[PDB]
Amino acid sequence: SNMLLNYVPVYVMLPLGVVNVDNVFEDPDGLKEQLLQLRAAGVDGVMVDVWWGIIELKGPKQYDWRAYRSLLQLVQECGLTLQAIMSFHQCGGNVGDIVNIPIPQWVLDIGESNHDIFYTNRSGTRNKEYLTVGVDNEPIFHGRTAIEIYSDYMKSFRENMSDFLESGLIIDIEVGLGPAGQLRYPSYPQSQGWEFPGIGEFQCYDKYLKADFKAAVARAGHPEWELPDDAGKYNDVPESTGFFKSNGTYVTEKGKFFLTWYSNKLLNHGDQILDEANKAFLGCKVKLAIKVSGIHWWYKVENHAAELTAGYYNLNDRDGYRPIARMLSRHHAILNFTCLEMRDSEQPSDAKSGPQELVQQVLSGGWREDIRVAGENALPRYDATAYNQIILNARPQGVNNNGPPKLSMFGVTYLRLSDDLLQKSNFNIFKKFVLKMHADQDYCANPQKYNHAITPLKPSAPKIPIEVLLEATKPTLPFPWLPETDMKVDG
């Protein structure tokens, strides 16, 4: 009884391209066999990208939901729930992307005449994996703004998948908000030569964001201020730049204003799109969620350079994640994080990486703000060390034999279903992982039993002014973490 209240659900990401670029569900029989294995292993559900570039390929509002309806039907038949990602991004240029799925060609056609609809770096390179926040409210897509495109897409999904939603097949809607579906700037593009652990680059040089910034600095009484010109390039280290070096530009009035403006754009981008997601799924028995990327490199140095270029204005004396958690609260949304499997010792010393501390900060911030926090492993891992670290983060203070744990993640999604995962040894270890995540209890079909009942999505609470959101930048002590989990996959 008490142990079941400690149950943390486990989901598994489906293979990329399960539904191909031509909107065809290629191998249902193959997938079926895999899903049945997951079902027998105790997995609660699966996660899948519902690619915008596949669905609305033909043209504006020309949606084809047929292949995905077939996929959802199979998932339901196999007794698994689903986390559906509204993927308004391209698959192909990020780590692990083994299939190329661009955004709609008709959108790219518009991009040919207006290159500024894409995130742009100082050098002028255009990244076509996602539409810049700069055009969120620009009615340049055959009369629609980018946010309207996202809104219409989600509404169409809600209506065309109404039966699956009513039956409870979908656990949550992961609202894609940028590259790799994450609320972030494409500051570390492998497509432009970035290599870990480069500090990355600011991506606010498209004409819309640049004009936005210029107007902002003018209103601040400094019209002459320009975007950073001393931040170096993708593969630099912080000390080699005028912007991130000690006493550098990042701590000057100009630098602080820019960083605040830059990170604020993401806060409002997510807030505005979540407003549309709430409207689209209002009344549905599903929860909303967003994804925040885990930029752990340089976390251990004063400048947190990589986080800053990604859009997370997080420093040792400024919490850049709690404001995101606070923004999510009005939407009753889940903050889906990552790097749950990483240990600092596994990263190269020169990267000044702190994934363990970063995870502790983000999860603690979410709990401090009274919102649900879920997460994923950042990279493919099949070993016990990885699973034990995930289980530790899932319940930082262990299991409570007297009832529910004071601290527990809302769920964990494993990246990713593959042939390797299903191999004898790998899968046997994975089964132990599932068992421990479930607090040694057998798979529990009814989430209500472990206090995960889903009620109709209510309208979002009143808008929270930016000043109140930023009050959450006040540094706070993280919740204490055990050094190791009390539920290891082995002994």
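Start at 1 and count along the sequence shown; that's the residue number.
- Annotation for 190-198 versus 275-283: the higher mean temperature factor (C-alpha) is found in 190-198.
- Looking at 363-371 and 122-130 together, the entry lists the larger mean B-factor for 122-130, computed on C-alpha atoms.
- The residue among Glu346, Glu159, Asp319, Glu148 whose C-alpha atom has the highest B-factor in the PDB entry is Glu346.
- Highest CA B-factor among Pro179, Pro405, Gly270, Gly311, as stated in the entry: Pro405.
- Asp136 sits in the lowest third of its chain by CA B factor, as recorded in the PDB entry.
- In the deposited entry, the Cα temperature factor of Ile290 sits in the bottom third of values across the chain's modelled residues.
- Per the deposited record, the Cα B-factor of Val434 falls in the lowest third when ranked against the other modelled residues of its chain.
- When the CA B factors of the chain's modelled residues are split into thirds, the value for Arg326 lands in the lowest one.
- Per the PDB record, residue ranking by Cα B-factor puts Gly45 in the lowest third of the chain.
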